[PDB]
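Pasting protein.cif here (mmCIF, C-alpha atoms and all ligand atoms):
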data_coords
#
loop_
_atom_site.label_atom_id
_atom_site.label_comp_id
_atom_site.auth_asym_id
_atom_site.auth_seq_id
_atom_site.Cartn_x
_atom_site.Cartn_y
_atom_site.Cartn_z
CA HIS X 1 88.69 116.90 79.86
CA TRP X 2 91.08 115.39 82.42
CA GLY X 3 91.06 111.85 83.48
CA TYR X 4 93.44 108.99 83.98
CA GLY X 5 93.43 107.49 80.53
CA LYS X 6 95.93 107.50 77.71
CA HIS X 7 94.56 110.65 76.18
CA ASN X 8 93.80 112.74 79.20
CA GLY X 9 95.81 111.23 82.04
CA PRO X 10 98.47 112.74 84.39
CA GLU X 11 101.15 113.35 81.74
CA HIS X 12 98.80 115.70 79.88
CA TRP X 13 97.60 117.64 82.91
CA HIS X 14 100.30 120.31 82.65
CA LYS X 15 98.64 121.63 79.49
CA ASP X 16 95.61 122.99 81.35
CA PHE X 17 97.01 123.18 84.85
CA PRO X 18 100.61 124.45 84.45
CA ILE X 19 101.11 124.09 88.24
CA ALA X 20 101.56 120.33 87.48
CA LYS X 21 105.22 121.11 86.94
CA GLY X 22 105.45 123.09 90.20
CA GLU X 23 107.68 123.08 93.22
CA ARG X 24 105.55 121.18 95.82
CA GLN X 25 103.44 118.72 93.83
CA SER X 26 102.03 115.57 95.40
CA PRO X 27 102.25 112.61 95.74
CA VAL X 28 106.03 111.94 96.46
CA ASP X 29 108.03 108.88 97.42
CA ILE X 30 108.58 108.65 101.15
CA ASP X 31 112.16 107.46 101.49
CA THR X 32 112.11 106.23 105.07
CA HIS X 33 115.84 106.49 105.48
CA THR X 34 116.20 110.24 104.74
CA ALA X 35 113.04 111.47 106.30
CA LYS X 36 114.15 113.65 109.15
CA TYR X 37 112.85 112.58 112.56
CA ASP X 38 111.68 115.81 114.17
CA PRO X 39 111.04 115.75 117.98
CA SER X 40 109.01 118.99 118.17
CA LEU X 41 106.18 117.48 116.17
CA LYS X 42 103.21 117.20 118.55
CA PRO X 43 100.86 114.15 118.30
CA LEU X 44 97.76 114.25 116.11
CA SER X 45 94.32 115.15 117.45
CA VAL X 46 91.66 113.43 115.41
CA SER X 47 88.18 114.20 116.83
CA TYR X 48 85.73 112.29 114.61
CA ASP X 49 83.24 111.29 117.33
CA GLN X 50 80.62 113.94 116.34
CA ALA X 51 80.97 113.48 112.52
CA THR X 52 77.94 113.87 110.31
CA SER X 53 78.09 112.03 106.93
CA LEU X 54 75.40 113.06 104.47
CA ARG X 55 76.10 111.56 101.05
CA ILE X 56 78.26 109.41 98.78
CA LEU X 57 78.66 110.37 95.12
CA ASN X 58 80.40 109.05 92.05
CA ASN X 59 82.00 112.14 90.49
CA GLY X 60 83.59 110.39 87.48
CA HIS X 61 87.04 110.31 89.12
CA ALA X 62 86.42 108.55 92.44
CA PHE X 63 83.48 108.28 94.73
CA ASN X 64 83.35 110.70 97.68
CA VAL X 65 81.61 110.52 101.07
CA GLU X 66 80.73 114.10 102.05
CA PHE X 67 80.31 115.40 105.58
CA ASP X 68 78.50 118.29 107.07
CA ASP X 69 81.26 120.83 107.73
CA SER X 70 79.30 123.85 109.02
CA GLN X 71 80.36 123.48 112.70
CA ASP X 72 83.40 121.82 114.28
CA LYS X 73 82.23 118.23 114.30
CA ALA X 74 85.04 116.15 112.87
CA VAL X 75 88.30 118.04 113.24
CA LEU X 76 92.08 117.46 112.95
CA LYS X 77 94.50 119.54 115.08
CA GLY X 78 97.99 118.83 116.48
CA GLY X 79 100.69 117.22 114.41
CA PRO X 80 102.43 119.80 112.14
CA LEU X 81 99.31 122.02 112.07
CA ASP X 82 98.60 125.27 113.65
CA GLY X 83 94.82 125.60 113.55
CA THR X 84 91.74 123.42 113.44
CA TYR X 85 91.10 121.71 110.16
CA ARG X 86 87.51 120.51 109.58
CA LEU X 87 86.51 117.29 107.68
CA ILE X 88 84.58 117.93 104.47
CA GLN X 89 84.96 114.62 102.51
CA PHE X 90 86.95 111.42 102.01
CA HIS X 91 87.71 109.40 98.89
CA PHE X 92 90.14 106.76 97.63
CA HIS X 93 92.45 106.04 94.78
CA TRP X 94 92.90 102.38 93.92
CA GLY X 95 94.31 100.16 91.26
CA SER X 96 93.28 97.55 88.70
CA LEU X 97 95.63 95.07 90.45
CA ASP X 98 96.52 94.79 94.15
CA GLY X 99 100.12 95.95 93.77
CA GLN X 100 99.29 99.51 92.69
CA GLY X 101 96.76 102.10 93.71
CA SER X 102 98.46 104.24 96.37
CA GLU X 103 99.54 107.65 95.20
CA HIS X 104 102.26 108.12 97.81
CA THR X 105 104.75 105.20 97.91
CA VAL X 106 106.90 104.15 100.91
CA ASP X 107 110.47 103.40 99.71
CA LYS X 108 109.06 103.10 96.22
CA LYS X 109 106.54 100.41 97.49
CA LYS X 110 102.97 101.00 96.30
CA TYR X 111 99.81 99.85 98.18
CA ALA X 112 96.46 98.68 96.69
CA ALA X 113 94.76 101.92 97.47
CA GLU X 114 95.00 105.13 99.47
CA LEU X 115 92.42 106.94 101.56
CA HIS X 116 92.32 110.68 101.66
CA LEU X 117 90.43 112.43 104.47
CA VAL X 118 90.34 116.04 103.28
CA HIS X 119 90.24 118.87 105.85
CA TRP X 120 90.33 122.67 105.45
CA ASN X 121 91.68 125.35 107.76
CA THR X 122 88.81 127.04 109.59
CA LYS X 123 90.70 130.30 109.92
CA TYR X 124 89.72 130.85 106.33
CA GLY X 125 85.90 130.76 106.72
CA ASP X 126 84.87 128.35 103.95
CA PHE X 127 86.47 125.59 101.88
CA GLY X 128 86.61 127.81 98.82
CA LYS X 129 88.74 130.47 100.62
CA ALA X 130 91.11 127.85 102.18
CA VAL X 131 92.13 126.61 98.70
CA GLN X 132 93.54 130.06 98.03
CA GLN X 133 96.04 129.45 100.82
CA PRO X 134 99.44 127.71 101.22
CA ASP X 135 98.21 126.12 104.51
CA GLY X 136 94.54 125.94 103.50
CA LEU X 137 94.06 122.16 103.55
CA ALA X 138 95.34 119.16 105.45
CA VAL X 139 94.82 115.76 103.93
CA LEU X 140 95.32 112.69 106.09
CA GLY X 141 96.36 109.78 103.81
CA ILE X 142 96.10 106.11 104.87
CA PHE X 143 97.38 103.20 102.85
CA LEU X 144 95.19 100.15 102.38
CA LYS X 145 96.75 96.72 101.98
CA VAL X 146 94.84 93.58 100.89
CA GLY X 147 94.34 91.21 103.81
CA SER X 148 91.46 90.58 106.17
CA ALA X 149 88.34 92.69 105.93
CA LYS X 150 88.08 96.12 107.55
CA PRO X 151 84.58 95.91 109.22
CA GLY X 152 84.19 99.69 109.06
CA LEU X 153 84.73 99.81 105.28
CA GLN X 154 81.87 97.38 104.49
CA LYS X 155 79.05 99.89 104.85
CA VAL X 156 80.68 101.93 102.06
CA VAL X 157 81.16 98.84 99.93
CA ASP X 158 77.44 97.85 100.14
CA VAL X 159 76.21 101.18 98.72
CA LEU X 160 78.51 101.23 95.65
CA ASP X 161 75.71 99.64 93.67
CA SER X 162 73.52 102.67 93.80
CA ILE X 163 76.34 105.01 92.58
CA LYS X 164 77.79 102.94 89.74
CA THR X 165 78.03 105.75 87.18
CA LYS X 166 79.20 109.33 86.89
CA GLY X 167 76.81 111.60 88.63
CA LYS X 168 74.83 109.21 90.88
CA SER X 169 74.58 109.92 94.60
CA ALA X 170 72.96 108.08 97.56
CA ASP X 171 72.21 109.43 101.01
CA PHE X 172 74.79 108.06 103.43
CA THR X 173 74.06 109.30 106.92
CA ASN X 174 75.54 108.13 110.24
CA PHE X 175 78.83 106.74 108.87
CA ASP X 176 81.57 106.84 111.46
CA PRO X 177 85.07 107.64 109.95
CA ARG X 178 86.80 106.27 113.10
CA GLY X 179 86.42 102.73 111.79
CA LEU X 180 88.74 103.55 108.86
CA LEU X 181 91.73 104.56 111.04
CA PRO X 182 94.83 102.38 111.88
CA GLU X 183 95.79 101.68 115.53
CA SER X 184 98.80 104.03 115.45
CA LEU X 185 98.75 107.68 114.52
CA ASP X 186 102.51 107.93 113.71
CA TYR X 187 103.18 109.93 110.58
CA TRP X 188 105.34 111.63 107.98
CA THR X 189 104.44 115.19 106.90
CA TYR X 190 105.59 117.45 104.13
CA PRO X 191 104.02 120.34 102.02
CA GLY X 192 102.41 119.47 98.73
CA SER X 193 99.39 119.75 96.47
CA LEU X 194 96.08 118.15 95.57
CA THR X 195 96.90 115.12 93.43
CA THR X 196 94.04 115.83 91.02
CA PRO X 197 93.39 119.03 88.97
CA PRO X 198 93.40 121.88 89.79
CA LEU X 199 96.70 120.63 91.44
CA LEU X 200 96.84 123.62 93.85
CA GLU X 201 99.75 123.85 96.29
CA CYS X 202 97.64 124.27 99.44
CA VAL X 203 98.17 121.04 101.29
CA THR X 204 99.96 119.84 104.37
CA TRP X 205 100.15 116.11 103.81
CA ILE X 206 100.05 113.85 106.87
CA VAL X 207 100.65 110.32 105.63
CA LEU X 208 100.37 107.67 108.35
CA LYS X 209 102.94 105.09 108.93
CA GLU X 210 100.58 102.18 109.78
CA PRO X 211 98.31 100.88 106.92
CA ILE X 212 94.80 99.43 107.30
CA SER X 213 94.18 96.09 105.57
CA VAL X 214 90.95 95.41 103.65
CA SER X 215 89.86 92.03 102.03
CA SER X 216 90.33 91.52 98.26
CA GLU X 217 86.50 91.32 98.04
CA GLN X 218 86.10 94.80 99.55
CA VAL X 219 88.58 96.43 97.14
CA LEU X 220 87.05 94.35 94.19
CA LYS X 221 83.82 96.24 94.45
CA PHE X 222 85.71 99.59 94.13
CA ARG X 223 86.84 98.34 90.80
CA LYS X 224 83.31 97.70 89.50
CA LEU X 225 82.51 101.49 89.59
CA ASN X 226 82.33 103.47 86.35
CA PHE X 227 84.07 106.61 85.12
CA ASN X 228 81.28 107.14 82.55
CA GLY X 229 77.76 108.39 83.09
CA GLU X 230 74.90 105.95 82.41
CA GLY X 231 74.11 105.25 78.78
CA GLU X 232 77.70 106.16 77.79
CA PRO X 233 80.12 103.22 77.03
CA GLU X 234 81.31 101.49 80.14
CA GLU X 235 84.78 102.40 81.31
CA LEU X 236 85.77 100.85 84.66
CA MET X 237 87.07 103.10 87.40
CA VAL X 238 90.50 101.67 88.13
CA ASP X 239 93.98 103.22 88.40
CA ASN X 240 92.71 106.66 89.26
CA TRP X 241 96.03 107.64 90.95
CA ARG X 242 98.74 110.14 89.98
CA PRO X 243 102.42 108.93 89.82
CA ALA X 244 104.97 110.31 92.31
CA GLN X 245 106.43 113.77 91.84
CA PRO X 246 110.04 115.01 92.52
CA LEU X 247 110.49 116.15 96.03
CA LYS X 248 112.79 118.99 94.86
CA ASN X 249 113.84 121.03 97.99
CA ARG X 250 111.38 119.69 100.49
CA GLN X 251 112.12 117.68 103.51
CA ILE X 252 109.78 114.97 104.85
CA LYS X 253 109.68 115.04 108.66
CA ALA X 254 108.84 111.91 110.72
CA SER X 255 107.07 111.95 114.12
CA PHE X 256 108.86 108.69 114.97
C1 LIG X 301 88.17 115.30 91.31
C2 LIG X 301 88.63 116.56 92.06
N1 LIG X 301 89.07 116.30 93.43
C3 LIG X 301 89.58 117.43 94.19
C4 LIG X 301 88.34 118.22 94.69
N2 LIG X 301 88.86 119.21 95.62
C5 LIG X 301 88.43 120.56 95.37
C6 LIG X 301 89.43 121.12 94.38
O1 LIG X 301 88.98 122.37 93.89
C7 LIG X 301 89.01 123.40 94.87
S1 LIG X 301 89.23 118.71 96.98
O2 LIG X 301 89.80 119.68 97.84
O3 LIG X 301 88.14 118.12 97.68
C8 LIG X 301 90.34 117.47 96.57
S2 LIG X 301 91.40 116.83 97.75
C9 LIG X 301 92.16 115.90 96.53
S3 LIG X 301 93.46 114.87 96.94
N3 LIG X 301 93.47 113.66 96.07
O4 LIG X 301 94.69 115.55 96.74
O5 LIG X 301 93.26 114.61 98.31
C10 LIG X 301 91.60 116.08 95.30
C11 LIG X 301 90.55 116.96 95.29
HG HG X 302 96.83 127.17 97.70
ZN ZN X 303 92.92 111.95 96.80
#

As structure tokens:
Amino acid sequence: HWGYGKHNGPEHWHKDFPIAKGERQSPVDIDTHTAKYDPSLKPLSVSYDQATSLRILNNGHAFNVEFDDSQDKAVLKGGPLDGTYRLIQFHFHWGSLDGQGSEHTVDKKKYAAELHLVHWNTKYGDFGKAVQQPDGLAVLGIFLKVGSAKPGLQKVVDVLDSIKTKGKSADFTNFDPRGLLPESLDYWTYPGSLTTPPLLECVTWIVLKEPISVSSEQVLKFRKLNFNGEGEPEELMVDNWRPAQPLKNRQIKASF
């Protein structure tokens, strides 16, 4: 089944998910010089002060931190959105080396990792209905560069030991997502897809201009995770990112 390896990685995905060859696939290259500055873009409203994290899980592709999304606790509004989009989970894509790992690139430059805070449009009642819709999800993507440590990421890094293999989970309450955000909320937005199967074209992508930096020690621990379940041969979870897709008749708008 799908993965990121030679025999089941992104170049084979079209065989089970034909939408891989679609018209608004993600990620894309953000070419900063032809992104259209649009002055009617409102600022982002990120309200993560009441967020409830419940769990972290290694799902054999990445590890996810899930949040309680049954009431409007952590929401995203503003920006290019019309509607309140509720936080359900966040995860990352990262590389085996520091010069690769982001899915989106800025002027063909790749970062060491990328954070995806996944939200779904509440108009649609549950997550599973929102993925049937062209404006069902909004994913806020944040690039991570290697540098000094991000204090807020360390709590996540300490637990990775209990979720080393496919299928392990640990309770992970009281995590505040606000410590993973950059100072600036300037962005680029465009319509796209999930970057993993089923590759659905539901997503408004809001990629932030400003990256966060994390130490090389923090991102090192990401790399010690496993794609396999326990008892199966060890296969390190690295380079779990999809390469950039053709923009083909889409315009990237800039809020700045
Ligand atoms: C391993 C599978 N990951 C996906 C699980 N999703 C549910 C998909 O089936 C309805 S999802 O909405 O949470 C997302 S968002 C996302 S990315 N990288 O584009 O932000 C990938 C996935
Ligand atoms: Hg969709
Ligand atoms: Zn992702």

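Residue nearest residue 108 in chain X within the list X:133, X:58, X:174, X:245: X:245 [criterion: smallest interatomic distance, only C-alpha atoms].
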
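Restricting the atom set to all atoms listed in the file, one finds that the residues within 7 Å of ligand ZN 303 (chain X) amount to residues 91, 92, 93, 115, 116 and 195 of chain X.
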
* Report as a PyMOL selection string which protein, DNA and RNA residues come within 9 Å of ligand LIG 301 (chain X), using only C-alpha atoms and all ligand atoms. => chain X and resi 26-27+59-62+64+88-93+103+115-120+127-128+130-132+137-141+192-200+203+205+241-242

* Among the residues X:186, X:210, X:135, X:230, the one that comes closest to ligand HG 302 (chain X) [using all atoms listed in the file] ->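 Closest to ligand HG 302 (chain X), using all atoms listed in the file: X:135.
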
* Tell me which of X:191, X:167, X:182, X:99 sits closest to ligand HG 302 (chain X), counting only C-alpha atoms and all ligand atoms. =>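 Going through X:191, X:167, X:182, X:99 one by one, the smallest distance to ligand HG 302 (chain X) is for X:191.
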
* Find the spatial neighbours of residue 14 in chain X, counting all atoms listed in the file, within a cut-off of 12 Å - ignore same-chain residues fewer than 3 positions away - and output them as a list in words. =>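 The residues that qualify are residues 2, 8, 9, 10, 11, 17, 18, 19, 20, 21, 22, 25, 196, 197, 198 and 199 of chain X.
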
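Restricting the calculation to all atoms listed in the file, the smallest distance between ligand HG 302 (chain X) and any of X:246, X:179, X:83, X:136 is found for X:136.
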
* Using only C-alpha atoms, can you list as number ranges by chain the residues within 9 Å of (87.4, 90.6, 100.7)? -> X: 146-150, 214-220

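Closest approach to ligand HG 302 (chain X) among X:73, X:24, X:209, X:221 is made by X:24 (distances from all atoms listed in the file).
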
* **Pick from X:87, X:252, X:202, X:208, whichever lies nearest to ligand HG 302 (chain X) using all atoms listed in the file** =>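 With all atoms listed in the file as the atom set, the closest residue is X:202.
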
Can you write out as CSV which residues of range 118-190 of chain X fall within 10 Å of range 29-33 of chain X, alongside each residue's closest atom pair and its distance in Å to one decimal, counting only C-alpha atoms and ordering rows by chain and ascending residue number?
residue,atom,partner,partner_atom,distance
X:188,CA,X:30,CA,8.1
X:189,CA,X:30,CA,9.6
X:190,CA,X:30,CA,9.8

* Asked: Leaving out residue 222 in chain X and any residue of its chain fewer than 4 positions from it, which residues lie within 8 Å of it when counting only C-alpha atoms, given as an NGL selection string?
  -> :X and (94 or 157 or 160 or 218 or 237-238)

* **Interatomic distance, CA of residue 3 in chain X to CA of residue 240 in chain X (Å, one decimal)** =>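 CA of residue 240 in chain X lies at a distance of 7.9 Å from CA of residue 3 in chain X.
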
Box along x, y and z, 3 Å on every side, all listed atoms of range 170-175 of chain X inside: centre and edge lengths in Å to one decimal, as AutoDock Vina command-line options.
--center_x 75.5 --center_y 108.1 --center_z 103.9 --size_x 12.6 --size_y 8.7 --size_z 18.7

* Quote the spacing between CA of residue 28 in chain X and CA of residue 13 in chain X in Å to one decimal place. =>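 The value is 16.9 Å.
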
* What does the distance between CA of residue 45 in chain X and CA of residue 75 in chain X come to in Å, to one decimal place? ->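 Interatomic distance here is 7.9 Å.
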
* Quick one: residues within 7 Å of residue 52 in chain X, only C-alpha atoms counted, chain neighbours fewer than 3 positions away excluded, as a ChimeraX atom specification? -> /X:67-68,173-174

Write the residues you've just listed into a file as a tab-separated table (two decimals), in the coordinates of the input, and include C-alpha atoms for each of them.
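Output saved as result.tsv:
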chain	number	residue	atom	x	y	z
X	67	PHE	CA	80.31	115.40	105.58
X	68	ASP	CA	78.50	118.29	107.07
X	173	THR	CA	74.06	109.30	106.92
X	174	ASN	CA	75.54	108.13	110.24
